[PDB]
Amino acid sequence: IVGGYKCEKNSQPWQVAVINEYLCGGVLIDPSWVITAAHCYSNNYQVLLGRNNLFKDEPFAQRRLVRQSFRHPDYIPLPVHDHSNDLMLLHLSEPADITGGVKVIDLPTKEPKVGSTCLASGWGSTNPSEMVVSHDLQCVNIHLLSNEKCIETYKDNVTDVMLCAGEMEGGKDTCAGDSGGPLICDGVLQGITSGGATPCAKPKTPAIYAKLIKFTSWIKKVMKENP
Ligand SMILES: [Zn+2]
């Protein structure tokens, strides 16, 4: 998170850290499921829950293993790779404890409004040009912008599955390491951060997020088949 602030202690209880050869964010949607970006795909993972500081002895800290991962079918890995359908479900080895620090967040049930105020969190890069892992969870308030503002949305019909957010002025963005974290507008979880390569927070260059609302059906069905 470039241009944000330190989130208040345990104010984002559904935020997880997904770790393998990549740092990613994740979001707890069920004691047993974590949604993240497909970009974070790997043979293994370590899921960190209930944390503020990634490198600290914290009380609600939990660590889970993954049993199985499900990348959205239409994601094309880095055939030309794009950031549409950048979604992956992680089925936890054993459920997360729902504590005063670890809680689930709900899937959205309504379409996001252009101009609504959104918050994004992560331990990703706080420097827009180079990668500086942040120990503390960072939070930033941005805006839901018209998809017209995001150049990526003009491809095929990807507009359909993407949200566009940030500030036209730059200075505030999600960045490398933030992929897979949440985008919460007006209190709703509406997006999943996609790939955030440096440089970030460029003026007139808002970022791409998975329009969650469009994948709940897929999310639903998967969890259903994986009791
Ligand atoms: Zn990519």
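Read-outs throughout are calculated quantities, based only on the coordinates presented, and are distinct from any laboratory measurement. So basically every Cβ, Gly included, is an ideal-geometry build from the backbone, and we count neighbours across all protein chains shown.
Using helices alone, I'd like the mean residue ellipticity at 222 nm for the chain: each DSSP H run of four-plus residues gives -39500 (n - 2.57), total over residue count, nearest 500.
-1500 deg cm²/dmol
Round to a whole angstrom and tell me the spacing of the C-alpha centers of the stretch 78-110 and the stretch 175-202.
13
Counting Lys +1, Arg +1, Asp -1, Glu -1, what net charge surrounds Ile192 among other residues with beta carbon under 13 Å of its beta carbon?
Computed value for this residue: +1.
What is the percent of Cα-Cα separations in the stretch 177-227 that go past 14 Å?
Considering the stretch 177-227, 63 percent of its Cα-Cα pairs are separated by more than 14 Å.
Does anything in the stretch 199-227 have its amide N under 20 Å from the 7 Å Cα→Cβ label point of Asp106, and if so which residues?
Once the point is set 7 Å along Cα→Cβ of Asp106, 211-221, 223-224 turn out to lie under 20 Å by backbone N, inside the stretch 199-227.
Can you report the principal axis dimensions of the chain using only the alpha carbons, biggest first, rounded to whole angstrom?
42, 36, 32 Å, listed from the longest principal axis down.
For every other residue with a beta carbon closer than 15 angstrom to the beta carbon of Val222, add +1 if it is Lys or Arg and -1 if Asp or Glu, then tell me the sum.
Summing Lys and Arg as +1 and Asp and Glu as -1 gives +3.
Sum up the charges of everything whose Cβ sits under 12 Å from the Cβ of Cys24, counting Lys and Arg as +1 and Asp and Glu as -1, but leave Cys24 out.
It works out to a net charge of -3.
Which residues among the stretch 160-200 fall inside the zone where the amide N is under 12 Å from a point 7 Å beyond the Cα of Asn141, along Cα→Cβ?
Label zone hits: 186-187.
Using a simple spin-label model with points 7 Å from Cα along the Cα→Cβ vector, what separation in nm is obtained for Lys204 and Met168?
The two pseudo-label positions are separated by 1.1 nm.
Compute the distance in nm between two label points, each set 7 Å from the Cα along the Cα-to-Cβ direction, one at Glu94 and one at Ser42.
Result: 2.2 nm between the two label points.
Mind checking which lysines have their C-alpha under 18 Å from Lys149, skipping anything on the same chain fewer than 8 residues away?
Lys113, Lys172, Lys202, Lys204, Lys211
I need the trypsin sites (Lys or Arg not before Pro) found in the stretch 100-171, filtered to DSSP loop residues with at most 16 other beta carbons within 10 Å of theirs.
Filter output for the stretch 100-171: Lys110, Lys113, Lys155.
Placing +1 on the Cβ of each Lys and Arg and -1 on the Cβ of each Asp and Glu in the chain, which of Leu87, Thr216, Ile151 has its Cα farthest towards the positive end of the resulting dipole?
Checked the options; the winner is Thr216.
Dividing the alpha-carbon radius of gyration of the stretch 1-94 by 2.2 N^0.38 Å (N being the number of residues), what value is obtained?
1.12
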